[PDB]
Each structure stands twice: as structure tokens, then as C-alpha cells.
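Contents: one structure, followed by commentary.
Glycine gets a Cβ as well: all are built from the backbone with ideal geometry, and neighbour counts include every protein chain shown. Just so you know, all these numbers are worked out from the coordinates, no wet-lab data involved.
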Amino acid sequence: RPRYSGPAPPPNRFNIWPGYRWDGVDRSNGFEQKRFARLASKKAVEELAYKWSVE
Amino acid sequence: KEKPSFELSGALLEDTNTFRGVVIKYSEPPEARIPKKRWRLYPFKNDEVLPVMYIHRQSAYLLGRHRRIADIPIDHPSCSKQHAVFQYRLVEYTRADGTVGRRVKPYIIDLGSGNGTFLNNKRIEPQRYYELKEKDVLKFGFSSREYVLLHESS
Amino acid sequence: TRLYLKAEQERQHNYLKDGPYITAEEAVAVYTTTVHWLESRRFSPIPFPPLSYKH
Amino acid sequence: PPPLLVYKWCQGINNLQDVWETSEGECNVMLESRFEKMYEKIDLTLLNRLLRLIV
Amino acid sequence: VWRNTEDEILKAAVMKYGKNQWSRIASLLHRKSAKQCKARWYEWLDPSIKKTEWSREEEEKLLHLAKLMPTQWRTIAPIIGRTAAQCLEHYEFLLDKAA
Amino acid sequence: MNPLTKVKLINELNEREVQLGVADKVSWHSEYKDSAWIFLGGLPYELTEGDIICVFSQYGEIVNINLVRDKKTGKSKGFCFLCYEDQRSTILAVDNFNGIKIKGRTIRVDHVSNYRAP
Amino acid sequence: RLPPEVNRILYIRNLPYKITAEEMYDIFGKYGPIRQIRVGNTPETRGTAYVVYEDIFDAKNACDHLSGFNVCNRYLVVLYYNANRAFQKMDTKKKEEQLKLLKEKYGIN
Amino acid sequence: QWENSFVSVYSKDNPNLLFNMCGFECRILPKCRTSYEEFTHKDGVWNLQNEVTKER
Amino acid sequence: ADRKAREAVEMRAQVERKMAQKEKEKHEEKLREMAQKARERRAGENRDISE
Amino acid sequence: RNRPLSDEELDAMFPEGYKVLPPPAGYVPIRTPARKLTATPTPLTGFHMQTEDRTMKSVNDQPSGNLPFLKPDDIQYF
């Protein structure tokens, strides 16, 4: 089972390993990281707006 | 006709390592780095000294005969087009107290250049890194020019 | 407060009528000594903030 | 923050050289005060010269 | 800025009401604030503002002072009897005709 | 309408889904829990299976690949089908590779319902 | 990686009157090859300069770097040029003949 | 002015060295001098552990 | 006092620039001597390699 | 788009009221060395009082009058 061994696979929703012979460079629309950042910032503003709700 | 293979094709290689229409063969490995100690290259040509080059500023330096893409065009027709790569690499070491350290180290590497790179007048292995130490001398192919490497306190 | 502001108006006008109390010798001593220090600290004097400024 | 400052100050006093020795008749002295009127006594023109040294 | 109509209303309002209730006054004209009325009156309008050109002696005094007390115009301007604005621009003008 | 508009389509579809914030189980991908085949289109006429698999392994292992070249001159017709190991990987690929520029040609990526084995 | 408004054409304000073109060629010289330089002449243009690099890369480098330079007690204004219009015809004659030279020269068609 | 300063002296006749920084009033007591027992206490007590030697 | 200080600071600035320049110059000629000395000693494995 | 241009090409680019200059034939020869070996070069303060001058006060960046603020990018037009 020749498995990817190179430096750093970027994270995904499912966090799955890149293939045996992954050419080993990131080609991606970046939509992954966009969704990740927006995912965290939603929680951020949730907290920030709660703090107002109690005021 | 041609049967479908599972073999490669320069497409990704070409676009990813291409520049100016002249694809470079070498890539900077992750430990590319820039040094604190400021390295200087003292050129000579048969006892005639040439002005020093200050090469502490980039992580990679291309030496060859093609003035377009090379950092340093070494104008001896016995020099191939894309010839050698000077490179700073952050290479780990052991501090005398055992704690692990790394220093930016200057390493030269040849791309299978035609006629050979001479380290202290030894021809070196191509596609392989060789460290450069204080005062050391360099000669590429059979050029009439030679170089000595120093830094500030050296 | 009214008592205070009366004291102040007094103290300003008194300063004007009685001249700077920090004579001239003291002024020159202070000034020169500051300059000695700064220069001995190679302090580059801050410059008026350029318009197309980075920050 | 100020309380960390207090801690810093204590242990600074501690790490002096031979600070607690009293054998040969040494004496430590800690003195602390105010400047008792700095604002109200800053003198405008001289302050102008002292700023011209900086900006 | 101020327009001659607002200006005249100011004159009349002041001479009626006295110098102390600027709230009533500024309530009168629209798009005018009590702070602004006070400032304008003491700056330009009030009759005691002497509106002529500078004597040679007045310019001697001005120059000499602004050399004596750098950039303190609200300190100087009473000493030569003009506003900070007059002293300021006029010193600028002398400085420019010199250079 | 020429195909680059059909890349615009899928990208707009994704962003609209995030825009309404709709849940994953009702995400338009969900209608294909039953397929590991994804269509690639607009490939340059030069890429061979080595490069295709190399690049697209980035989200998993590949079970099969079929690159339709014209049999008489053998040359690539510029589109292909890909069987990943696990649906989730194809979801990731459809999200991330739809619109990447390879050798100038912006490739379009999509699910496939009823892949036909040729 | 370039914002496509960058150009080898730069526009410069706050220029000291009667500076030496020598001085100036140096100033912009540390940045890259100068295809050409022009200075205004009329009092309106006297004090402004259009400077043309021979490379977009030295161009961007310069515009980003020397921006806000202090020369002669004043800061220098730099800008990218919007060469969005023309002032002359393109001289069909010369164009046509140089292209005939090219076509017969490399025997293309 | 002497009315607001406050000057405390440490000498063979004063074990405690007092002082008064930003808001806290602190008393420093060395273990060399009349600190017969080194002791624990409410965490109202800090231990000034010497740096080079790491001792209390 | 401003006039006097300006001029004193200038004089010290010039003396400093000059001394530092001279020292830089001797260092440079010394390093040239070292350069040609070493190149000649070479004209007449404490090394690090990779794969 | 990187292709170099002609001098007629330039005179079609630039408006009027600008004089052309090669400053020296030596600077134009320094210009010859400009691209030449630009990367290789010899490397590149302290306290110093200031002297009063007026050029900074003199420079103006907005039109004078009841004129709206003039943005930094509308400059090459207005």
C-alpha cells in the first residue's frame, strides 16, 4: 500500500490522505480554506453577538 | 495511434518550473533560507582579481552561460546553459551542549552541467549538494576564471 | 471648581507679568544636556509623516 | 501589567550583588516620591525647543 | 462658513440678548451652533475687533513677539490687539513677502 | 452556451449553497451517494493518464480512469472519467478542482450519475 | 502575480525645478533600465515627469519602493500611468513596409 | 517634597525593607536576617527565589 | 544654544564618519590581502555532502 | 504585452509638453549597465539637528477654492 509520504497535505472536511503517486503540489481552487475560515468566523461572530444580547 | 499510458508528461512540470520561456530544472527545497553572516564571492582570473559579489541576499543563485535566467552568467562556452545552483540551506547541527541547532549553510549543486564543476579543483557529482567552506575555490568546466568564497569576518 | 478656575486665571497672568521662572542658565543646561544624551544614543529624529505612507 | 511590574521589581531587588549582607555596615535605602507638579509647570516655549529636538 | 444674513441676525440678537445666553441665540438661525456663534462673535463680529492694516510699529511688535514666544498666538494676539487669525495670517504674509 | 459558462454554473451553485448555508445532507451533491465517477472536461489535448492521476490523487486513491481519445488517430479528445475509491473524495474534487487552470485550459469537473463502461 | 494596472510607464510629481536629468536617471536607475524619460516644459508641466522602464518588473519594484522618496526637502509622488488614449495615427506606411520586410525576411507566406 | 516621599532603610537594625509600588504595599524580608523559619502562608506571600542559584 | 549645538553635533558627525571610513578601508585592504593569500595557498574531509 | 516599443510608439503614448532626455552618454551608458548586472552591487544613520525650511509647507495636494476633495487616483486626470 504505497501511501503518500511527502511534506504536508492541506486539511479537508474529511481529512483523507492524498493518493499513492500524488504529484505533490497543491492545485486547488482554495475553496477549502475559504470554507474553513468562514466556518471559524461564524462561531466568532456568534460569540460576539451573544455578548451584546446580555447587555 | 498511441495506446493510453500511465506515464508522465512535462505539462505540470513545465508550467510549475517554467520561467520566461526557459524552464529551470531545479527547485528550491523547503529549507531555503537567507543568512545572517554576509557572504562574499571574490572572483579571480589568472591572478587578476575581479570585483566581489555579495550573495547573502537570496536563497538560490543560478550560475551558467545563459544571461537571461541565470543569476551569474559565467561566460565560458564550456559552460552549459543551466549549470549550477548556489543555495543556502538551513541544515541542523548539534550545539556543543547537545541542544539541537541549525545554521544557514551555503551549498552548491550542479545540474549535470557539461564539463564539470571543480571544487578546490575536484570535479563534483552532479545533481548533488556540496557545502562551501571559508576560502574555498571554485572553477566550472574549463573556464579561465576561479573564485574564492569568504564572509565578513572571514 | 469656580474657586479653582479663579486660582488658575491668577497663576497664568502672574506668569506673564513675572516672566518665565526658569531663568536662562537652567534652560540652556537642560537643553544642551538633552542633546548630549540623544546624540549619544544615535537617535534618528522622527520625520513629519509622509502622505503615501505604508501604515 | 502593573502587578507583574511589582513582582519584577521585588525580584530585581533580590538579584543584586550581596544586597542582604549587612556585615561591614552597608545600608540599603529605598526612596519613592512624586514630582509634585509636572504638568502645571511645563513651560511652553522651552518645551517647544525640546520637541524640536525629536520631531 | 457664515453668510451676511446670518451675520446680521447675529448682530441684532447679541445687542438684544447680551453676551451670555448663546443657547437662545443659536436656537434662532438654523445650521448654526451656540459654540460657533460665540466664536464668531468674539472673533470677527464684535465691534472691538479693529479692522485696519498693520502699522509699521504694529508689524515691528508682531514680528518681535512671534520671535519671542514661538507659535503662541492666543498669547500674543491680545498684546497687539488683533485676533489669532489676524496675527497668524498677517505674519504669514510678512514672512512670504520677505521670502 | 460555450462551456466555460458551464464552469461558472457549478461555481455559482456551490457559492449559493454556502450563501443559504444549507445543511450538507441536503446539499446538491447528496443526490449522488451512489457514484464514484467524476467527469473531467476541457483537458488540454496533451495530458496523459499519468499526469491526470498524479494531480487528482490529491484527494484520494483512484480506482479507475478512462480517457476518451479518438481511436483512429489515438489522440486525446480532451475529456475523461474518473472512479475514486470513496464518494466523499469525489465531493471534495468537485468542490476544489472545478475551475483550475491547467496549461491555460480551465478544466471543468463534475459528478457522474450513470457512468457507462466502454 | 501582477495587478494589471502596473506598467513600465510611471508618472511623477513634486519634482525640484531644474534638477539634473543626470541626478534623475540615477534616482530611477537603481531600479532598472530606463527606456526613456520626459519632463514637463510649460509651467503647468514644468516639475512633473513621465518615466518609462523597459521592464514591467523593475517598474513595479520602483513604484512600490521609491514611493514617497525625500528629495531636496520634499517627498516625491509616484503613480502608474493610464495610457488610455492616443495622440497620433499609427503611420500605415512605415508599419506596412517594416512588415513587408519581416514577411519577405522570414519567408513566412 | 518630603511630605509625600517615604524613605525606608535596611540596616543591621532594620530587618524588614519596606516599600510601596503601584498599588500594593510590600515588605521584603530576607532569609539571611531574622527569618528564623522559612515558612508557608496564604498566597499573600511571594518567594523571591534567587536567579543564578535558584534558592529561596 | 541651538546654533552652538547644531554646529558641535556636525563637527562630531564628521569626525565619526571619517574614522569609521578609514577603519572600513583598512579592513577592506586587509581582506583583499587575505583573499589573494588564500587563493595562492590554494594554487600551491572537513566537508559536508548530501545525497 | 511586455514587448518593447518604438519612439513613435512613445510619442503616441505621451501627451504634449514633455522634453525627451538622455542625460549623459555616460548615464545612458550607465543605463547600458543598468540591466547588465543589477543584482551584484556593493551593499546599500545617527543624530543630526534640523534646519528650518518651507518646501514641505509649500507643496499642495488639493485644489484651492470651494473645490471638492481630489482623490489620489483621479490625479493623472485632474
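Farthest towards the positive end of the charge dipole of chain J, among the residues J:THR38, J:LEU5, J:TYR77, is the Cα of J:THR38, using unit charges on the Cβ of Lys, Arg, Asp and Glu.
Taking each pair of distinct Cα atoms in segment F:3-118 once, what is the resulting Kirkwood hydrodynamic radius in Å?
Values: mean 1/r = 0.0677 Å⁻¹.
Value: 14.8 Å, from the Cα pair sum.
With a Förster radius of 25 Å applied to the C-beta separation of B:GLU92 and A:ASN15, the computed FRET efficiency comes to 0.30.
Which residue, B:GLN58, B:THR117, B:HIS83, has the largest displacement toward the positive end of the dipole of segment B:1-142 when charges sit on each Cβ (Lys, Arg +1; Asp, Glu -1)? The listed residue farthest towards the positive side: B:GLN58. Charges were assigned to the Cβ only: +1 to each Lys and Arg, -1 to each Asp and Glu. The resulting dipole of segment E:1-49 about its Cα centre is roughly 200 debye. The Cβ shell under 14 Å around G:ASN109 holds other residues with a net charge of +2, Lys and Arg each +1, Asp and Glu each -1. Considering the dipole of the protein assembly as shown built from charges on the beta carbon (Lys and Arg +1, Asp and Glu -1) around the Cα centre, which of G:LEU2, F:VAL109, G:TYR81 is farthest to its positive end? So the residue furthest toward the plus end is F:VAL109. Overall shape of segment E:50-99 was characterised from the C-alpha gyration tensor. The equivalent ellipsoid obtained from it has semi-axes of 14, 13, 10 Å, in decreasing order.
Please sort by residue number the chymotrypsin sites (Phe, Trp or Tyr not before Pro) in segment G:1-98 whose DSSP state is loop and whose Cβ has at most 13 other Cβ atoms within 10 Å.
Values: sites: G:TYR11, G:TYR17, G:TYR25, G:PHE28, G:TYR31, G:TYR50, G:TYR53, G:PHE57, G:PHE69, G:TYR75, G:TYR80, G:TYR81, G:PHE87; in loops: G:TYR17, G:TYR31, G:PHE69, G:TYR81, G:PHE87.
Answer in residue order: G:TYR17, G:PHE87.
The loop-placed chymotrypsin sites (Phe, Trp or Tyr not before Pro) in chain H, going by DSSP, that have at most 14 neighbouring Cβ atoms within 10 Å of their Cβ come out as H:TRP2, H:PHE24, H:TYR36, H:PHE39, H:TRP46. With K and R counted +1 and D and E -1, the other residues having a Cβ less than 12 Å from that of H:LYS12 yield a net charge of -3.
Averaged over peptide B:126-133, the number of partner chain Cβ atoms lying within 10 Å of each residue's Cβ comes to 3. Taken residue by residue and averaged, Cβ atoms of other chains lying within 10 Å of the Cβ of D:13-23 number 4. The calculated FRET efficiency for J:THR32 paired with E:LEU94, based on their beta-carbon distance and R0 = 45 Å, is about 0.30.
With a Förster radius of 41 Å applied to the beta-carbon distance between F:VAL18 and I:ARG17, the computed FRET efficiency rounds to 0.05.
What does the charge add up to near D:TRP20, with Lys and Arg as +1, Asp and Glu as -1, over the other residues with Cβ less than 15 Å from its Cβ?
Details: positive: H:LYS12, H:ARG27, H:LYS31, H:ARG33, H:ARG56; negative: D:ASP18, D:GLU21, D:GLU24, D:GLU26, H:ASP13, H:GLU38, H:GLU51, H:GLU55.
Spelling it out: positives minus negatives among the neighbours equals -3.
Remark: chain D carries a charge dipole of roughly 600 debye about the Cα centre, counting +1 on each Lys and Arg Cβ and -1 on each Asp and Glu Cβ.
What does the structure give for J:46-57 when I average, per residue, the other chain Cβ atoms found within 10 Å of the residue Cβ? Numbers along the way, then the final one.
Details: counts 10, 14, 7, 15, 6, 2, 1, 3, 4, 6, 6, 2.
Going residue by residue through J:46-57 and averaging, the value is 6.
Could you tell me which chymotrypsin sites (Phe, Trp or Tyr not before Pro) in segment B:45-105 are loop residues by DSSP with no more than 14 other beta carbons within 10 angstrom of their beta carbon? Mind showing how you got there, number by number?
On the way: sites: B:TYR54, B:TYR61, B:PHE86, B:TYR88, B:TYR93; in loops: none.
Here no chymotrypsin sites (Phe, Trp or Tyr not before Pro) fit, given the DSSP loop and packing criteria.
About its Cα centre, the dipole of chain H is roughly 140 debye, where the only charges are +1 on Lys and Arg Cβ and -1 on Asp and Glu Cβ.
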